[PDB]
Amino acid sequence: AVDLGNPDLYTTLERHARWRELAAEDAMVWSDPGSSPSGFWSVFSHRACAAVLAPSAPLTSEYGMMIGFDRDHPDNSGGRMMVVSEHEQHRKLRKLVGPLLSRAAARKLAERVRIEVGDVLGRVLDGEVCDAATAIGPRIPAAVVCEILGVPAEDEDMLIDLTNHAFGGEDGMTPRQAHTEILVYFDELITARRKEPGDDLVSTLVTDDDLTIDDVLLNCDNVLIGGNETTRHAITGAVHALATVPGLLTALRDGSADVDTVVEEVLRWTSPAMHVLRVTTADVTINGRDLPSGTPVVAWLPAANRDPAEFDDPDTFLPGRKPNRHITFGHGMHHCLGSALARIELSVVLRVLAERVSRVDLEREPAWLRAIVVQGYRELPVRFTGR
């Protein structure tokens, strides 16, 4: 019996070896029920994952987009939250949230990323020692999401800390409790923005009278989860790359390496979103297997981002890797709405660390989170030297 939803398979970097085998073969593997309530098929190659997530492909996210959910066991947020909705409800929310996460919105948030990195490099610029998976990685995305939601500056530090714990190590607050506390604050913020609307995500969501208080809350949560759960590990990955890849930090400083090109390589290299699930809407043949309607199909994104048919020497971090057609942000109609924001966050992080820090050195091997939703760092012990 095979179960690819087992988190123990991905606790070590050997997950890449398992993925490499399945990606090069372009395999369709069936997983038996266990972590999944009904089981699921899986694709691994770049071409197979792109075909599953295609706009014209008869698959849906309305029942959920992660292992644990299917047609018979649907996501409770299904049809209400953007990432688990389809058709006009999905199009509406993507239209309402869209411009607040656009390239233009990302550019005005670039200053905050610089300030937040600078404030971090005020206590870690010492010799030893700091974890990069905490108080470095989660700090930047949390600050950005705060300004998107339009939270008062007075409450930012409270919200940063709760966001940090909500998507970090599972084990006196619990990540689930911290998540709840944010949603409790969200409800209080929703109430205040009903009386006095401004220029923020909460205000934009509440002005639409067709959306209920539950719809506003769930889509605020989509931005909270979306902007934090994955992004933190990409930032930690950027620090990890600067610590391991020789000459990279210097190359960014002098300008021999292109900043936007390395951002795309960090994205491909880290691939924080480990999987995306889809449910078939009609009878379809994927790869070479005939699947009925209501069948769960899963695309393993880090496997696709290291597919040798698409990426030459995929295990090496290449600062000038071109072309780089990674699907770290997924593909098709649900392509990450905050992709420009994720790119601007990484861009500024790599810039400021090249400007202020002379050398970043790794203390010991990183630990990984016991999870399947995210390819995440549990810890990254590093030494910072600058000034």
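Start at 1 and count along the sequence shown; that's the residue number.
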Worksheet entry | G172 preceded by how many uncoordinated deposited residues after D171 | 4 to 9
Discussion item. So, looking at the entry's B-factor column for Cα atoms, which has the higher mean, 273 to 281 or 209 to 217?
Written reply: 209 to 217
Worksheet item: Between 43 to 51 and 28 to 36, which has the higher average C-alpha B-factor in the PDB entry?
Response: 28 to 36
Fill in: Criterion, highest CA B-factor; candidates, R139, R289, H240, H233
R289
Fill in: Highest recorded Cα temperature factor - choice among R343, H335, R356, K322
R356
Item to complete: Check where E181 lands among this chain's C-alpha B-factors and tell me if it's the lowest, middle or highest third.
Response: highest
Response to the item:
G226: CA B-factor among chain residues, third -> lowest
Worksheet, complete the sentence: Tertile call for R364 (CA temperature factor, within chain, third-based) is the highest
Item to complete: Divide the modelled residues of the chain into thirds by Cα B-factor and specify which third, lowest, middle or highest, holds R80.
Response: middle
Worksheet, complete the sentence: On the chain's distribution of Cα B-factors, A57 falls within the third called highest
